[PDB]
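Residue numbers (PDB author numbering), protein chains in the order written: chain SF, 1 to 135; chain SR, 1 to 74; chain SO, 1 to 88; chain SU, 1 to 70; chain SK, 65 to 128. Yeah, the Cβ is synthetic: ideal placement off N, Cα and C, and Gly gets one too.
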Amino acid sequence: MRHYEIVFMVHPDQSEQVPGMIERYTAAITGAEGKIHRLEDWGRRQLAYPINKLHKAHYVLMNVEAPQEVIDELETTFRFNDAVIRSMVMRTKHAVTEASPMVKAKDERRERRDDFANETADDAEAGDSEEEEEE
Amino acid sequence: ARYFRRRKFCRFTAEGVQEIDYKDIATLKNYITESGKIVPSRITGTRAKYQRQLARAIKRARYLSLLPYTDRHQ
Amino acid sequence: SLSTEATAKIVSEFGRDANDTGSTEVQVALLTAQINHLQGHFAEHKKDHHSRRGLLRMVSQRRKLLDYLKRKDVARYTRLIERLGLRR
Amino acid sequence: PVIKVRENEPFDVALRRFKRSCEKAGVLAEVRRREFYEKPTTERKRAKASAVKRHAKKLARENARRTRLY
Amino acid sequence: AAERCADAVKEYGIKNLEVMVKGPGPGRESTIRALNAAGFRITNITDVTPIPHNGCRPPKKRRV
RNA sequence: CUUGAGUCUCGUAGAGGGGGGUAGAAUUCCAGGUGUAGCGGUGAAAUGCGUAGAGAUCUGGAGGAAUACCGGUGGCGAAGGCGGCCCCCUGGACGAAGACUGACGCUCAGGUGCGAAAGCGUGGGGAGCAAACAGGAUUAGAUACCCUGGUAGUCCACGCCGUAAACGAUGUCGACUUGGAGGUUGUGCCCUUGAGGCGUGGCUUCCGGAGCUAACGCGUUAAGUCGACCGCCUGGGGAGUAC
Numbered sequence: 001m002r003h004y005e006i007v008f009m010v011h012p013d014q015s016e017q018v019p020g021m022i023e024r025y026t027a028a029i030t031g032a033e034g035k036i037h038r039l040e041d042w043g044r045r046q047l048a049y050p051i052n053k054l055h056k057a058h059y060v061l062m063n064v065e066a067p068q069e070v071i072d073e074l075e076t077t078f079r080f081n082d083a084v085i086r087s088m089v090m091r092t093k094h095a096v097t098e099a100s101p102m103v104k105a106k107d108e109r110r111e112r113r114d115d116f117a118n119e120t121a122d123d124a125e126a127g128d129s130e131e132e133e134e135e
Numbered sequence: 001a002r003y004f005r006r007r008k009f010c011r012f013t014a015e016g017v018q019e020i021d022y023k024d025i026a027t028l029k030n031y032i033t034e035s036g037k038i039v040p041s042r043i044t045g046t047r048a049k050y051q052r053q054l055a056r057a058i059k060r061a062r063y064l065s066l067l068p069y070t071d072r073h074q
Numbered sequence: 001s002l003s004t005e006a007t008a009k010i011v012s013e014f015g016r017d018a019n020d021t022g023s024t025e026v027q028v029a030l031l032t033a034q035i036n037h038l039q040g041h042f043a044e045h046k047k048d049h050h051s052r053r054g055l056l057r058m059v060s061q062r063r064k065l066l067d068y069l070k071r072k073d074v075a076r077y078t079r080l081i082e083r084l085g086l087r088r
Numbered sequence: 001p002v003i004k005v006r007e008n009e010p011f012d013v014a015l016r017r018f019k020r021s022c023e024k025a026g027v028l029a030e031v032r033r034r035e036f037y038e039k040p041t042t043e044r045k046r047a048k049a050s051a052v053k054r055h056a057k058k059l060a061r062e063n064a065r066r067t068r069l070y
Numbered sequence: 065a066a067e068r069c070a071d072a073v074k075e076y077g078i079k080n081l082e083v084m085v086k087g088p089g090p091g092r093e094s095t096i097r098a099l100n101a102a103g104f105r106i107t108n109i110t111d112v113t114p115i116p117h118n119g120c121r122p123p124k125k126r127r128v
């Protein structure tokens, strides 16, 4: 299809929600027959400059493959939504995306840049899921 | 000789093709003054294609609030 | 230009079973399918002059390959025009 | 600038020209004129002229060697 | 100007300073030098000067 | 018949075009806090703004244009022209190999088409700049220069006459004719081992040889050697005007 490097970040106090936003979108993409190349969350970070009276935000990288209608449908939700502080979607037709070159960018972050801190666990905990075990 | 094909890394300041773009932050900040703005190709020695492509990756980053837009008050 | 998978279909139907690329009927059918695609584009994009130049290149080009075809096989030309729906 | 990140006490050797990111000497090009939109074709495309001045120096060493200028 | 000003703030018992520098005039660094020689300790000499990102059109002054 | 010209897959670079959104810095304006007498301006000055609290300074909002640095002899474009970022539609070029059609070509009166700019109609918009216009200055005047204000305009949407030092002052396409040094982009070969060596195409720029030109100067991107087709000129003024 087409490949979309979606980055968006969410305002701290509604960030504690965020796997629920990701779980809504990822079913919205894969239910339109897309595929999730990857979901790396980047955690809570301290902004380079304040964005409309806010100093920190929580960053999420989705790498969607999907048709053109679907990315458009995500943007209309992102537009009317308080939760997102700012959002970006990049590119369109690269098959370089499929072979997932940001698998490494995720690991490079884990080895040095992204480390243990309180704010990025607070953001993870809403979606806490226990629906696996054999009966 | 015949097909050993470029083990070495030392040349141009851009021998590898910088295929990580706006996600390697520490690589970007090597090209950013302490006043928070992009430096020119003559000073960094980046080949011109890569340099135009790096500028795009820095602007991408600035709008994402990864990099200082300016150093203003920072 | 026209979609790669659509293009495979165009060549298949207006070429012979050898699957030509250059044969005159096939070029005219490819231009035509692109003129029809573009004619939907210049509905919304009224003031796009620089892409309109490329349109007038395709139309002019087709017009020349039609002259060629009519100088050669008039049977093939009269056939092609009606199978692709050209003029009135 | 004198520079605000050097280390913070007043040490007065720092020469402000030898300490400028950009300020003054290009930065206020945008004041008391608008550099008329393609005025730069005659202001700024004298790049060839300053590249010629470097060529001229790089020539002039050599002609002095073969002529024996001293 | 700086030494005159230094008198006016003596009523506020101030001892330490940071300084913002603003514009392309002369006196730009020379004013700082007078503040340190006033007996004040200066924390940063932060030049702030306000620069358009291309922005609004300047006047065209000195015309032909 | 296939070298010309066209066509297919795979890729690449770029401010090529159109429509939508979006972010920061800054000038401005309104709002509020602090705070005192000048501020602003020039050669110097005055008009202006200020003791009704300005200028400066901190906070918050509003709006509209532009989109620093990167940016370079750079790049793209038929030309005029195009520089934030993001998506959508889409044009053209170039390569590397294979294949395919088989002269489908080149040029072009009339012709239809495409505008920098100011101008222009109707509708919106108005932050900055700014003709007209005003006030101040200089001057023997000074309808000008300089300074303080300021309207149309510039900006969007759609429609109109198509002007330019609309340029390379060089019409198109094609063949042929010693190089050097550099930009820039695809691309064959290398312990790719010195920001290095060899190979090939595309555009691009400074220099210069044969030759040509009255001369300057051009010079493989020709103003050299020629081919085809088109435009155009025939002393200066009058006149690019009149009818």
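- Where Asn118/SF is concerned, the enclosing alpha helix (DSSP H) starts and stops at 118 to 124.
- Residue environment analysis places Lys23/SR among the buried positions, since at least 16 neighbouring C-beta atoms fall within 10 angstroms of its C-beta.
- The C-beta of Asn118/SF has fewer than 16 other C-beta atoms within 10 Å across all chains shown, which makes the residue exposed.
- Around the CB of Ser94/SK, fewer than 16 other CB atoms lie within 10 Å, so the residue is classed as exposed.
- The C-alpha of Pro122/SK is placed about 7 Å away from the C-alpha of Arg32/SU.
- Cβ proximity to chain SK below 8 Å picks out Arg32, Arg33, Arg34, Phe36 from the region 32 to 44 of chain SU.
- Collapsing the DSSP output to three states places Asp41/SF in a strand.
- Apart from sequence neighbours up to five positions away, the residues of its chain that approach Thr70/SR with a beta-carbon distance below 6 Å are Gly36, ordered along the chain.
- With contacts defined as CB atoms closer than 8 Å, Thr24/SO and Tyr68/SO qualify as a contacting pair.
- For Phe9/SR and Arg42/SR, the gap between their C-alpha atoms comes out near 21 Å.
- In the three-state reduction of the DSSP assignment, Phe4/SR falls in the coil class, being assigned neither a helical nor a strand state.
- When only Cα atoms are considered, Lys56/SF and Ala48/SF end up about 9 Å apart.
- Per the Cβ contact rule, the region 42 to 61 of chain SO is not in contact with the region 7 to 18 of chain SU (fewer than 3 Cβ pairs under 8 Å).
- Three or more Cβ pairs closer than 8 Å define a contact, and the region 98 to 111 of chain SK meets that threshold against the region 65 to 83 of chain SK.
- Membership of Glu75/SF in the alpha helix (DSSP H) is indicated by the continuous run 68 to 79.
- If you check the CB distance, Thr32/SO and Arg79/SO do not come in under 8 Å.
- Neighbours of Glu30/SU in chain SK, taken as residues at a C-beta separation under 9 Å, are given in chain order as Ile115, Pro116, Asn118, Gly119, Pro122.
- Per DSSP, the unbroken alpha helix (DSSP H) holding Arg61/SU starts and ends at 47 to 67.
- Listed along the chain, the chain SF residues whose CB falls inside 7 Å of the CB of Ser65/SR are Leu47, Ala48, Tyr49, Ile51.
- For the pair of segments examined, the region 44 to 59 of chain SR was found not to touch the region 35 to 46 of chain SF: the number of CB pairs separated by less than 8 Å stays below three.
- Using a Cβ-Cβ distance cut-off of 8 Å, the region 48 to 64 of chain SU and the region 77 to 88 of chain SK are not in contact, since fewer than three pairs of beta carbons, one from each stretch, lie closer than that value.
- With its beta carbon at least 8 Å from every one in chain SF, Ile58/SR lies outside the interface.
- Under the Cβ criterion of 8 Å, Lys53/SU is not counted among the residues facing chain SK.
- Shortest Cα-Cα distance from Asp128/SF to any of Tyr4/SF, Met9/SF, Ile22/SF, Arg2/SF involves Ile22/SF.
- About 17 Å separates the beta carbons of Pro101/SF and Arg2/SF, which is beyond the 8 Å limit, so they are not a contact pair.
- In the DSSP assignment, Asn80/SK falls within the beta strand (DSSP E) that extends over 80 to 85.
- Cβ neighbours of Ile38/SR within its own chain (closer than 7 Å, five residues either side excluded): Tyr31, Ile32, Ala55, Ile58.
- Put simply, of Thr7/SO, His41/SO, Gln27/SO the residue whose alpha carbon is nearest the alpha carbon of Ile81/SO is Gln27/SO.
- Contact annotation for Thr44/SR against chain SU: no contact, minimum CB-CB distance about 15 Å [criterion: below 9 Å].
- Distance from the CA of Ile10/SO to the CA of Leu65/SO, rounded to the nearest whole angstrom, comes to 17 Å.
- Looking from the CA of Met62/SF, the closest CA among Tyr25/SF, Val70/SF, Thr77/SF belongs to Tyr25/SF.
- Restricting attention to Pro12/SF, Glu111/SF, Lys93/SF, the CA atom closest to the CA of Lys53/SF is found in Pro12/SF.
- Minimum Cα-Cα distance from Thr113/SK among the listed residues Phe18/SU, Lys24/SU, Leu15/SU corresponds to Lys24/SU.
- Taking all protein chains in view, the Cβ of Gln46/SF is surrounded by fewer than 16 other Cβ atoms within 10 Å, so the residue is classified as exposed.
- Partner residues in the beta bridge of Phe8/SF, as assigned by DSSP, are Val60/SF, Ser87/SF.
- Among the residues of chain SU, none has a CB under 8 Å from the CB of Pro90/SK; the nearest is roughly 10 Å distant.
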